[PDB]
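Take a look at the structure below.
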Amino acid sequence: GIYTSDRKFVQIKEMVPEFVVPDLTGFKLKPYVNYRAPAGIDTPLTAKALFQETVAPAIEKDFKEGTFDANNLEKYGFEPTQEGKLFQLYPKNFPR
Amino acid sequence: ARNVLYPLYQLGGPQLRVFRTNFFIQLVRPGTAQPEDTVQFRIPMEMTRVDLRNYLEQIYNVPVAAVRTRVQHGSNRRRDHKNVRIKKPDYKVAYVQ
Amino acid sequence: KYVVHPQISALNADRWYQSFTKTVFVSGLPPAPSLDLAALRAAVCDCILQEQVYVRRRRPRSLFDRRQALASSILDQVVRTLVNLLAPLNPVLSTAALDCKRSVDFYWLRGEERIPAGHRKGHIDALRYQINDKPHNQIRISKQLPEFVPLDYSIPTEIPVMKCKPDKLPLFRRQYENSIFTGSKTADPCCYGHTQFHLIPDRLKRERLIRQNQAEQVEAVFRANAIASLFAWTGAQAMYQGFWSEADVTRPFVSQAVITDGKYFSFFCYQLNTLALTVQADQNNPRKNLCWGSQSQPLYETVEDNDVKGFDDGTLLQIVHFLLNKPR
Amino acid sequence: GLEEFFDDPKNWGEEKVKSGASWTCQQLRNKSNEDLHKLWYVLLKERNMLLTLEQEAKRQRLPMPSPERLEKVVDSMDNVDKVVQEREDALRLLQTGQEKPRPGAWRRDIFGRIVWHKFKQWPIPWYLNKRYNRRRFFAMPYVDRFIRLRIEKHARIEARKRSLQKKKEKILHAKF
Amino acid sequence: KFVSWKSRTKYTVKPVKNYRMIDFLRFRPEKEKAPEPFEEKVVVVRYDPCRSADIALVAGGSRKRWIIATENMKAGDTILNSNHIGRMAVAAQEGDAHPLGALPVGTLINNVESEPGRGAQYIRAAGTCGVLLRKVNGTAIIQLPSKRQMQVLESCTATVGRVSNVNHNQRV
Amino acid sequence: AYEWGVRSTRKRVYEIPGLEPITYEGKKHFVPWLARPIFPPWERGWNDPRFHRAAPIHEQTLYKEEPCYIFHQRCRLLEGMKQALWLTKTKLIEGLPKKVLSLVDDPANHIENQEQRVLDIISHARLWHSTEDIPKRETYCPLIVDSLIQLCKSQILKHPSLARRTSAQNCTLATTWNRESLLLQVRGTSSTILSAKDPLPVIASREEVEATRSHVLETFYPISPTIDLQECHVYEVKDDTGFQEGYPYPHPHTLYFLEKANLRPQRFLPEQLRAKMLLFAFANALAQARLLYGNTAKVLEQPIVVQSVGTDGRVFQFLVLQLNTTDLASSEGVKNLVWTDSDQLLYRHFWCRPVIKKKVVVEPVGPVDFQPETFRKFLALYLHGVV
RNA sequence: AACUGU
RNA sequence: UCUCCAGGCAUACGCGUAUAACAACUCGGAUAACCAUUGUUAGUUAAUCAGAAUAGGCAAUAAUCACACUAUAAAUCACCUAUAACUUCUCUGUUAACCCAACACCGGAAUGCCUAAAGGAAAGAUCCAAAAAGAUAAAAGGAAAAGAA
RNA sequence: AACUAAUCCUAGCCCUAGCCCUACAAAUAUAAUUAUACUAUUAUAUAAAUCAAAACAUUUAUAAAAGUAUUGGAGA
């Protein structure tokens, strides 16, 4: 909320966090995992991997077809600005 | 969410939503004698009583009637071998009816 | 001493107040001249229209008190006109004194507590309570109202008993002057009372309470204010007669009060039987205080154009019945 | 629900509660974004219940059954956060190229040191914010003496560690 | 922690936390008037804590302003303030503000200004009176309380009469 | 003139052509070694009241070249009564109307134990009402008037016709009229206005109204009639009677005014209070005429009678005003008739606590020099128009 | 002068 | 329960867990009992108690039961005219036998209410030394009462 | 054969050599470390003296030629 003149508190609904609680019904993941289940080797995701998995297939198909141009970088997923998205990657505009 | 920056809100901004909550709370046996509906909780210092009501009502679907909260000062009398005062972490006790 | 608020949002405050006051609250009304009932409806209907649609006044700057301010204006206008119309039928109204937003104070002792710590640890001290109330309107008369039931009347119901301390329920103690006041000084000839009018704040109104999920507390708010206000007002009247803890009242003291949320109206009747609430003075006391209350009822539905719709005569009849009552 | 804050009534009084291994980072990466969000709450709910039980155990002065459960949950929650952060980090670089989520730059403090300054959100620009301009991002002339001391102190640090190493070497010679 | 206390934006006759704002430029055209001779009424002769002489409240039209009181100033008296330079001798009522050209030689004056528009700065003490030693065309000679004779333009404003407490200069 | 205010507190690279000097704008903070940038206007994207500044008066659409002079409660006329008469184009008759005096002469009008009840009311209004030993005028002055009204309010038993009138709170009265080409506005609010379903009886006959043409408004040259008024250039032409049109009681019976300021310097003088009553009472009367007869300028065939009572809780002022003409543009012609009763003292002094000197009660706890006649005049006005 | 363990 | 004493209670300021329960008997209290000590656990709950928009227009007349009545040390924003905003209850303080004086120092320590209903204990035991100090008492006398200058 | 005590070897350092250097979150100069507006934002003149001249005054250091020519209350 905001404390205005005259020492009066006025709560602001937007500034009050709202807890978005997901539905756990039908979700098969629990706090612990089987010792029977083999552990997976850690492979941290990187921009190279993310681009290859998502963006590369479209360009590869388009490049062979020849329907590729510099103007249409946004077509393959580039965002000219982060404005308009509720969650902006930079500057960060959302809490954890 | 604690120990994080919340997005600054200006007129026309979205409602603040915390999709993942860092607030951790623990139910404690009341030291004093309280009404049975009243429940004591230890919560992070940055959480508001409204957040607890939303937290319980949303995450745990617990209906809340009234809330009273207090901040307990941690004792700093204790000192270590080096004569440096040791401070007990301050905690907030919430009485939830 | 504990500071008591006649209008409070505490859960189940009605039961706690009864324990502090030794009052039994029986549901309903206490056991028991034509005036053109239609004419009163038109007169009251006009009064509501006057303030809401006809009077011209500077708009409040806050913009939040507008709803509260309107309710006060209509209630004051209705009360003043009703007294004149009902005065010929009941001469008491002619000699009665009407008080507007004046303070009623009462100080009483019930129970005791043991100091848990400090230089006075272990010493026994009485539990102190103070009620300060400012009824929207109240009528004071120079003659006691007729009793609704003989003194020493006994019922199987028992006053609530509170297991926990008063502090556990939100309540704070402060040290200041103790005051017992009837709404006017002892010099005032009108040392008795006819009726009280109470207006609930917006925070405790039905709309906000339902939003707050405390829908059931609407009746509790009515009960707590009625019991606290009437007991303090009645207790102060008895003290004006010289009756105190060691000299209990010889005659029952009775009074009535109406509590309204701005649309709904409730009627409460209180009879004061005991002034001995201290452990020593209440050590051997079989008498108890009895309160009778009624559920809140709408007086009218809506204001359209220059004609009010949905006015309920039944609530007005109770006011007419209450106003026509006089001592025998 | 209130029951979720407490362990299974059957498990109450047991020496331990059987639990498996914590979620590994690789497994969480395989899980979807929606799945990751749900799992965070599931781990959080278990963590809160264990915390509630542990606090009661401390009050009762009694041992906590299977304390490793809390450690496993915390590790899983930490693994979840980084996996989600990795996806957020990768996308941020792709669309913007900024290596940090929060705007920042390298600035010189009044002590002459070069430190990364994290930018703050303001409703007015810096030039219209006198208080922000009041904040000092420049080094005073007297810091020149401090800068020389820092270079000398760094040289002194190398000497001290070598002296410290020499004393440790005495142990090797003395013992053998 | 020192802030100047002489920071009152609006001239007022009410004592100021008290200090009463005095006006030493006698002929200041008040509201709803042209720069022509105007008259004022002495409402009350009050006491000024910050000055030896007593201040008399002079009010005319829609403006009320404190001024220094002359020897014979009393409550209810009428005080004239004229900018016109009289061709002949102008009727002189003690306390009135007139150009040195209007007054005749020998008339006691006070609250004189060395330069036109400067404002009264001398003969402001109790019992101080300036004598008009000589008068020629647009120049006049006024003897200040220091006994220094100064020549000033007739445009300068001079108030007739001596200052209150006529025997202040004779104090022993 | 002495100068007030300590003197201590009294107040290249760019020129090179074809290039722009470097500035610390990129740094986002001031540094002495870089040039000061010139900043273009900043856009917040939303309106902040805390930093918003009101637009100038002249730019307002309602701005009008002609000056509108507005009279309000705080306004204090320099000339007092004389200015008010000139502005309201009214003729003054000393004493209250003969009819009003006769109202209380009726034995039925007189209250039983009126003096005793008034004395008790004065004691109650001053001492018994509140728990404070010595209540202030800010508290008892509103109460005493209400208590006296309450005593009169009980008379509805004797006169059922009194049920045809009711009193409203915080009503606002306003009118605009021109006098000798001068635009005049009166704004009044607060207090209580008593309204009846029927107009108050006219006090002066048509022949007397015509005779007012001989009367000439007194002038106070060179002081302008607009002195002490608030000159307004942004204003709206409005007429207000204190109620919305269609009010069941369109006729105002009495207009009250309360001066409850505890301190005498904070209390307007009796002359100024009556002057405020005249303009405020005149505006309400003018509003009724304009609504009934429109905005046309003419002598009113049926005069409108309005009454006003002003008291500070100790001094009571009674005013009765009759509006005879709406052609106020000219200063000569038919004039309104006003009856004024001033300096009616209910009591010279009141002691809220006993004055004891040498164990002797010099002054009792009661009104000093109580005058019941003041209430009778107050009672006469209230009963006027019914009995 | 009285007064008194001065 | 008895004997006796008679500044107590709130807030400010300061202090910062000395608070409370349990367990210990080493250290701390200038001895014990008991804790103020040692260890562990608990604690102080507030929509009411407390802390944390702009531009114009315009002001003569103290208080003292404020009336009379005087006086001198000279003693109080409002309200009008426009502009701007448009549905609010979170945060923080809350314990104590406590502070400033190196100390559990016969010292210092603001305000409000009240004067015992609140708040307390001069006696570690025994002996009755001398000498010394304090208090009470004086046969006869009165410098070996409170009166005068 | 006694109590109090005593016994120990590295904790580390010192001098040269070598070497320039370029080693979480959250909050912060506002009242530093107070998540957003207030309030604009800023060091430093010969170094002197002490000291030596037994005080004190000009004055008083901070590869060989050579402590030579010179300078100096021709004195330290």
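Residue numbering restarts at 1 for every chain of the structure tokens, chains are lettered A, B, ... in their displayed order, and ligands are numbered from 1 as they appear.
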
Pull out every residue of chain H sitting within 12 Å of chain A, counting only C-alpha atoms (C1' of nucleotides), and send them as an MDAnalysis selection string. chainID H and resid 47 51:53 85 87:91

Expected file: the selected residues, N, CA, C and O atoms (P, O5', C5', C4', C3', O3' and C1' of nucleotides), as a PDB file, in the first residue's frame:
```
ATOM      1  P     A H  47      -6.344  -4.183  14.329  1.00  0.00           P
ATOM      2  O5'   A H  47      -7.093  -3.000  13.570  1.00  0.00           O
ATOM      3  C5'   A H  47      -6.439  -2.253  12.550  1.00  0.00           C
ATOM      4  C4'   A H  47      -6.636  -0.766  12.725  1.00  0.00           C
ATOM      5  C3'   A H  47      -7.652  -0.361  13.787  1.00  0.00           C
ATOM      6  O3'   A H  47      -7.285   0.899  14.348  1.00  0.00           O
ATOM      7  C1'   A H  47      -8.403   0.368  11.670  1.00  0.00           C
ATOM      8  P     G H  51       1.845   9.145  17.939  1.00  0.00           P
ATOM      9  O5'   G H  51       3.010   8.598  17.000  1.00  0.00           O
ATOM     10  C5'   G H  51       4.370   8.739  17.378  1.00  0.00           C
ATOM     11  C4'   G H  51       5.285   7.941  16.483  1.00  0.00           C
ATOM     12  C3'   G H  51       5.177   8.221  14.993  1.00  0.00           C
ATOM     13  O3'   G H  51       5.865   9.395  14.599  1.00  0.00           O
ATOM     14  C1'   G H  51       5.244   5.883  15.362  1.00  0.00           C
ATOM     15  P     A H  52       5.425  10.180  13.268  1.00  0.00           P
ATOM     16  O5'   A H  52       5.809   9.178  12.092  1.00  0.00           O
ATOM     17  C5'   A H  52       7.167   8.876  11.810  1.00  0.00           C
ATOM     18  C4'   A H  52       7.288   7.771  10.791  1.00  0.00           C
ATOM     19  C3'   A H  52       6.606   8.018   9.455  1.00  0.00           C
ATOM     20  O3'   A H  52       7.372   8.831   8.583  1.00  0.00           O
ATOM     21  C1'   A H  52       6.062   5.853  10.227  1.00  0.00           C
ATOM     22  P     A H  53       0.238  14.710  -0.560  1.00  0.00           P
ATOM     23  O5'   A H  53       0.609  16.175  -1.065  1.00  0.00           O
ATOM     24  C5'   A H  53      -0.404  17.100  -1.430  1.00  0.00           C
ATOM     25  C4'   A H  53      -0.368  17.401  -2.907  1.00  0.00           C
ATOM     26  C3'   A H  53      -0.407  18.873  -3.291  1.00  0.00           C
ATOM     27  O3'   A H  53       0.858  19.503  -3.204  1.00  0.00           O
ATOM     28  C1'   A H  53      -1.986  17.692  -4.582  1.00  0.00           C
ATOM     29  P     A H  85      -7.269  14.094 -12.773  1.00  0.00           P
ATOM     30  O5'   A H  85      -7.129  13.356 -11.369  1.00  0.00           O
ATOM     31  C5'   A H  85      -6.070  12.440 -11.132  1.00  0.00           C
ATOM     32  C4'   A H  85      -6.078  11.941  -9.710  1.00  0.00           C
ATOM     33  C3'   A H  85      -7.227  11.017  -9.337  1.00  0.00           C
ATOM     34  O3'   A H  85      -7.008   9.676  -9.744  1.00  0.00           O
ATOM     35  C1'   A H  85      -6.988  12.680  -7.678  1.00  0.00           C
ATOM     36  P     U H  87     -11.841   4.270  -7.549  1.00  0.00           P
ATOM     37  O5'   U H  87     -11.734   3.403  -6.217  1.00  0.00           O
ATOM     38  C5'   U H  87     -10.581   3.475  -5.384  1.00  0.00           C
ATOM     39  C4'   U H  87     -10.917   3.159  -3.947  1.00  0.00           C
ATOM     40  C3'   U H  87     -11.434   1.746  -3.701  1.00  0.00           C
ATOM     41  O3'   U H  87     -11.050   1.310  -2.397  1.00  0.00           O
ATOM     42  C1'   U H  87     -13.112   3.306  -3.123  1.00  0.00           C
ATOM     43  P     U H  88     -11.002  -0.257  -2.047  1.00  0.00           P
ATOM     44  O5'   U H  88      -9.877  -0.364  -0.924  1.00  0.00           O
ATOM     45  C5'   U H  88      -8.554   0.088  -1.170  1.00  0.00           C
ATOM     46  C4'   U H  88      -7.864   0.504   0.105  1.00  0.00           C
ATOM     47  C3'   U H  88      -8.378  -0.137   1.387  1.00  0.00           C
ATOM     48  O3'   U H  88      -7.846  -1.429   1.617  1.00  0.00           O
ATOM     49  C1'   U H  88      -8.227   2.193   1.697  1.00  0.00           C
ATOM     50  P     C H  89      -8.592  -2.443   2.615  1.00  0.00           P
ATOM     51  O5'   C H  89      -7.671  -2.446   3.915  1.00  0.00           O
ATOM     52  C5'   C H  89      -6.288  -2.768   3.826  1.00  0.00           C
ATOM     53  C4'   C H  89      -5.669  -2.945   5.189  1.00  0.00           C
ATOM     54  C3'   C H  89      -6.572  -3.603   6.230  1.00  0.00           C
ATOM     55  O3'   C H  89      -5.788  -4.404   7.111  1.00  0.00           O
ATOM     56  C1'   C H  89      -5.964  -1.442   6.968  1.00  0.00           C
ATOM     57  P     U H  90      -5.310  -5.866   6.649  1.00  0.00           P
ATOM     58  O5'   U H  90      -3.843  -5.625   6.076  1.00  0.00           O
ATOM     59  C5'   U H  90      -2.750  -5.367   6.945  1.00  0.00           C
ATOM     60  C4'   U H  90      -1.507  -5.002   6.173  1.00  0.00           C
ATOM     61  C3'   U H  90      -0.230  -4.872   6.989  1.00  0.00           C
ATOM     62  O3'   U H  90       0.399  -6.116   7.244  1.00  0.00           O
ATOM     63  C1'   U H  90      -0.459  -2.977   5.609  1.00  0.00           C
ATOM     64  P     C H  91       1.174  -6.357   8.630  1.00  0.00           P
ATOM     65  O5'   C H  91       2.393  -5.333   8.575  1.00  0.00           O
ATOM     66  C5'   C H  91       3.398  -5.447   7.578  1.00  0.00           C
ATOM     67  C4'   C H  91       4.374  -4.299   7.640  1.00  0.00           C
ATOM     68  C3'   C H  91       5.051  -4.071   8.982  1.00  0.00           C
ATOM     69  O3'   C H  91       6.149  -4.938   9.203  1.00  0.00           O
ATOM     70  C1'   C H  91       4.259  -2.010   8.139  1.00  0.00           C
TER      71        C H  91
END
```

Which of region 16-93 of chain B DSSP labels strand (DSSP E), written as number ranges by chain: B: 17-18, 26-28, 39-43, 67-72, 91-93

Could you list the residues in chain B lying within 8 Å of chain C, using only C-alpha atoms, and format the result as a PyMOL selection string? chain B and resi 33-35+65-66

So that I have them on file, write out the residues from the current selection with N, CA and C atoms, as a PDB file, in the first residue's frame.
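File out01.pdb, as written:
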```pdb
ATOM      1  N   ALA B  33      -2.095 -19.368  26.692  1.00  0.00           N
ATOM      2  CA  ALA B  33      -3.405 -19.979  26.516  1.00  0.00           C
ATOM      3  C   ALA B  33      -4.224 -19.118  25.563  1.00  0.00           C
ATOM      4  N   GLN B  34      -4.672 -19.713  24.467  1.00  0.00           N
ATOM      5  CA  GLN B  34      -5.381 -19.017  23.407  1.00  0.00           C
ATOM      6  C   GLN B  34      -6.667 -19.758  23.081  1.00  0.00           C
ATOM      7  N   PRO B  35      -7.634 -19.081  22.463  1.00  0.00           N
ATOM      8  CA  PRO B  35      -8.845 -19.781  22.024  1.00  0.00           C
ATOM      9  C   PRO B  35      -8.508 -20.881  21.028  1.00  0.00           C
ATOM     10  N   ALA B  65     -10.538 -16.390  10.095  1.00  0.00           N
ATOM     11  CA  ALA B  65     -11.486 -15.397  10.585  1.00  0.00           C
ATOM     12  C   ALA B  65     -10.803 -14.117  11.051  1.00  0.00           C
ATOM     13  N   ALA B  66      -9.761 -14.234  11.870  1.00  0.00           N
ATOM     14  CA  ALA B  66      -9.051 -13.074  12.388  1.00  0.00           C
ATOM     15  C   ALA B  66      -7.588 -13.437  12.583  1.00  0.00           C
TER      16      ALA B  66
END
```

Which residues of chain H are close to chain D, meaning at most 10 Å apart when you count only C-alpha atoms (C1' of nucleotides), and how do they look as a PyMOL selection string? chain H and resi 40-42

When DSSP works through the backbone of this structure, what residues of region 178-225 of chain F end up as helix (DSSP H, G or I), shown as an MDAnalysis selection string? chainID F and resid 206:214

Can you list every residue of region 32-83 of chain H that has an atom at most 10 Å from region 327-349 of chain F, with its nearest atom pair and the distance in Å to one decimal, using only C-alpha atoms (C1' of nucleotides), ordered by chain then number, as CSV?
```
residue,atom,partner,partner_atom,distance
H:66,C1',F:349,CA,8.8
H:67,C1',F:349,CA,4.7
H:68,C1',F:348,CA,8.7
```

Next, write the just-selected residues to a file, as a PDB file, in the first residue's frame, keeping N, CA and C atoms (P, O5', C5', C4', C3', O3' and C1' of nucleotides) as the atom set.
```pdb
ATOM      1  P     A H  66     -14.829  31.996  29.955  1.00  0.00           P
ATOM      2  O5'   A H  66     -15.021  33.549  29.662  1.00  0.00           O
ATOM      3  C5'   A H  66     -16.292  34.077  29.296  1.00  0.00           C
ATOM      4  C4'   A H  66     -16.166  35.475  28.743  1.00  0.00           C
ATOM      5  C3'   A H  66     -15.242  35.606  27.535  1.00  0.00           C
ATOM      6  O3'   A H  66     -15.665  36.682  26.695  1.00  0.00           O
ATOM      7  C1'   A H  66     -14.350  36.843  29.341  1.00  0.00           C
ATOM      8  P     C H  67     -17.138  36.692  26.050  1.00  0.00           P
ATOM      9  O5'   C H  67     -17.991  37.563  27.074  1.00  0.00           O
ATOM     10  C5'   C H  67     -17.507  38.817  27.534  1.00  0.00           C
ATOM     11  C4'   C H  67     -18.534  39.541  28.366  1.00  0.00           C
ATOM     12  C3'   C H  67     -18.070  40.838  29.010  1.00  0.00           C
ATOM     13  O3'   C H  67     -18.100  41.941  28.120  1.00  0.00           O
ATOM     14  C1'   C H  67     -19.191  39.520  30.618  1.00  0.00           C
ATOM     15  P     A H  68     -16.931  43.045  28.152  1.00  0.00           P
ATOM     16  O5'   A H  68     -17.344  44.014  29.346  1.00  0.00           O
ATOM     17  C5'   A H  68     -18.694  44.416  29.530  1.00  0.00           C
ATOM     18  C4'   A H  68     -18.941  44.904  30.935  1.00  0.00           C
ATOM     19  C3'   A H  68     -17.915  45.880  31.491  1.00  0.00           C
ATOM     20  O3'   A H  68     -18.132  47.214  31.066  1.00  0.00           O
ATOM     21  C1'   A H  68     -18.335  44.189  33.087  1.00  0.00           C
TER      22        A H  68
END
```

Tell me, as JSON, numbers by chain, which residues lie within 10 Å of region 315-321 of chain F, counting only C-alpha atoms (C1' of nucleotides); anything in the same chain fewer than 5 positions away does not count. {"F": [90, 91, 92, 95, 96, 97, 100, 145, 203, 253, 254, 255, 256, 257, 258, 259, 270, 271, 273, 274, 277, 278, 281, 282, 285, 304, 305, 306, 307, 308, 309, 310, 336, 337, 338, 339, 340, 341, 342, 343, 344, 345, 346, 347, 348, 374, 375, 377, 378, 381]}

Name the residues in contact with residue 46 (chain E) at a cut-off of 10 Å, using only C-alpha atoms (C1' of nucleotides), excluding same-chain residues fewer than 2 positions from it; report them as a VMD selection string. (chain E and resid 43 to 44 48 to 49 53 to 57 66 68 to 69 75) or (chain H and resid 74)

Taking only C-alpha atoms (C1' of nucleotides) into account, find every residue of chain E that has an atom no more than 12 Å from chain H, and write it out as a ChimeraX atom specification. /E:10-20,41-44,46-49,57-60,62-66

Closest-contact table, chain B side, partner chain A, 12 Å, counting only C-alpha atoms, as JSON lines:
```
{"residue": "B:1", "atom": "CA", "partner": "A:96", "partner_atom": "CA", "distance": 6.8}
{"residue": "B:2", "atom": "CA", "partner": "A:96", "partner_atom": "CA", "distance": 9.1}
{"residue": "B:3", "atom": "CA", "partner": "A:96", "partner_atom": "CA", "distance": 10.0}
{"residue": "B:4", "atom": "CA", "partner": "A:95", "partner_atom": "CA", "distance": 7.1}
{"residue": "B:5", "atom": "CA", "partner": "A:95", "partner_atom": "CA", "distance": 6.8}
{"residue": "B:6", "atom": "CA", "partner": "A:95", "partner_atom": "CA", "distance": 5.5}
{"residue": "B:7", "atom": "CA", "partner": "A:93", "partner_atom": "CA", "distance": 5.0}
{"residue": "B:8", "atom": "CA", "partner": "A:93", "partner_atom": "CA", "distance": 7.8}
{"residue": "B:9", "atom": "CA", "partner": "A:15", "partner_atom": "CA", "distance": 6.3}
{"residue": "B:10", "atom": "CA", "partner": "A:14", "partner_atom": "CA", "distance": 9.0}
{"residue": "B:11", "atom": "CA", "partner": "A:14", "partner_atom": "CA", "distance": 9.2}
{"residue": "B:12", "atom": "CA", "partner": "A:14", "partner_atom": "CA", "distance": 9.2}
{"residue": "B:13", "atom": "CA", "partner": "A:14", "partner_atom": "CA", "distance": 7.4}
{"residue": "B:14", "atom": "CA", "partner": "A:14", "partner_atom": "CA", "distance": 6.4}
{"residue": "B:15", "atom": "CA", "partner": "A:14", "partner_atom": "CA", "distance": 3.9}
{"residue": "B:16", "atom": "CA", "partner": "A:17", "partner_atom": "CA", "distance": 4.7}
{"residue": "B:17", "atom": "CA", "partner": "A:18", "partner_atom": "CA", "distance": 4.5}
{"residue": "B:18", "atom": "CA", "partner": "A:19", "partner_atom": "CA", "distance": 5.0}
{"residue": "B:19", "atom": "CA", "partner": "A:20", "partner_atom": "CA", "distance": 4.8}
{"residue": "B:20", "atom": "CA", "partner": "A:96", "partner_atom": "CA", "distance": 5.9}
{"residue": "B:21", "atom": "CA", "partner": "A:19", "partner_atom": "CA", "distance": 7.1}
{"residue": "B:22", "atom": "CA", "partner": "A:96", "partner_atom": "CA", "distance": 8.0}
{"residue": "B:23", "atom": "CA", "partner": "A:19", "partner_atom": "CA", "distance": 10.7}
{"residue": "B:47", "atom": "CA", "partner": "A:17", "partner_atom": "CA", "distance": 10.3}
{"residue": "B:48", "atom": "CA", "partner": "A:16", "partner_atom": "CA", "distance": 9.6}
{"residue": "B:49", "atom": "CA", "partner": "A:16", "partner_atom": "CA", "distance": 11.5}
{"residue": "B:50", "atom": "CA", "partner": "A:16", "partner_atom": "CA", "distance": 8.8}
{"residue": "B:51", "atom": "CA", "partner": "A:17", "partner_atom": "CA", "distance": 7.6}
{"residue": "B:52", "atom": "CA", "partner": "A:19", "partner_atom": "CA", "distance": 10.2}
{"residue": "B:53", "atom": "CA", "partner": "A:19", "partner_atom": "CA", "distance": 10.6}
{"residue": "B:54", "atom": "CA", "partner": "A:19", "partner_atom": "CA", "distance": 7.0}
{"residue": "B:55", "atom": "CA", "partner": "A:19", "partner_atom": "CA", "distance": 6.7}
{"residue": "B:56", "atom": "CA", "partner": "A:19", "partner_atom": "CA", "distance": 10.0}
{"residue": "B:57", "atom": "CA", "partner": "A:19", "partner_atom": "CA", "distance": 9.8}
{"residue": "B:58", "atom": "CA", "partner": "A:21", "partner_atom": "CA", "distance": 6.5}
{"residue": "B:59", "atom": "CA", "partner": "A:21", "partner_atom": "CA", "distance": 6.0}
{"residue": "B:60", "atom": "CA", "partner": "A:21", "partner_atom": "CA", "distance": 9.5}
{"residue": "B:61", "atom": "CA", "partner": "A:21", "partner_atom": "CA", "distance": 10.5}
```

Could you save the residues just selected, with C-alpha atoms, as a short mmCIF file (atom, residue, chain, number, x, y, z; two decimals), in the first residue's frame?
```cif
data_model
loop_
_atom_site.label_atom_id
_atom_site.label_comp_id
_atom_site.auth_asym_id
_atom_site.auth_seq_id
_atom_site.Cartn_x
_atom_site.Cartn_y
_atom_site.Cartn_z
CA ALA B 1 8.66 -14.14 -1.75
CA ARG B 2 11.45 -12.87 0.50
CA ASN B 3 14.93 -11.44 -0.08
CA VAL B 4 13.89 -10.35 -3.58
CA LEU B 5 12.88 -7.15 -5.36
CA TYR B 6 9.23 -6.76 -6.29
CA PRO B 7 8.41 -5.00 -9.59
CA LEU B 8 7.58 -1.34 -9.09
CA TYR B 9 3.90 -0.68 -9.77
CA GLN B 10 2.62 2.51 -11.38
CA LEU B 11 -0.90 3.49 -12.38
CA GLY B 12 -2.15 1.07 -15.02
CA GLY B 13 0.28 -1.70 -14.06
CA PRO B 14 -0.63 -5.38 -13.70
CA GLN B 15 -1.61 -6.91 -10.39
CA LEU B 16 1.36 -8.31 -8.47
CA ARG B 17 1.34 -12.12 -8.69
CA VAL B 18 3.82 -14.41 -6.94
CA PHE B 19 3.76 -17.66 -8.91
CA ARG B 20 6.37 -19.27 -6.64
CA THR B 21 6.40 -18.37 -2.94
CA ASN B 22 9.59 -18.23 -0.87
CA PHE B 23 7.70 -17.64 2.39
CA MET B 47 5.35 -11.47 5.13
CA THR B 48 2.20 -9.49 5.89
CA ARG B 49 -0.81 -10.79 7.78
CA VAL B 50 -2.87 -10.45 4.59
CA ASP B 51 -0.31 -12.64 2.82
CA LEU B 52 -0.76 -15.31 5.49
CA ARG B 53 -4.53 -15.19 4.95
CA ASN B 54 -4.00 -15.54 1.20
CA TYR B 55 -1.26 -18.12 1.78
CA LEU B 56 -3.43 -20.37 3.96
CA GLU B 57 -6.60 -19.83 1.92
CA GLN B 58 -4.92 -20.55 -1.43
CA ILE B 59 -2.13 -23.06 -0.76
CA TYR B 60 -3.82 -24.91 2.12
CA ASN B 61 -7.49 -23.91 1.63
#
```

Excluding region 131-136 of chain F and residues on its chain fewer than 4 positions from it, collect all residues at most 8 Å away from it, counting only C-alpha atoms (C1' of nucleotides), and give them as an NGL selection string. (:C and (184-185)) or (:F and (126-127 or 140 or 262 or 352-353)) or (:H and (65))
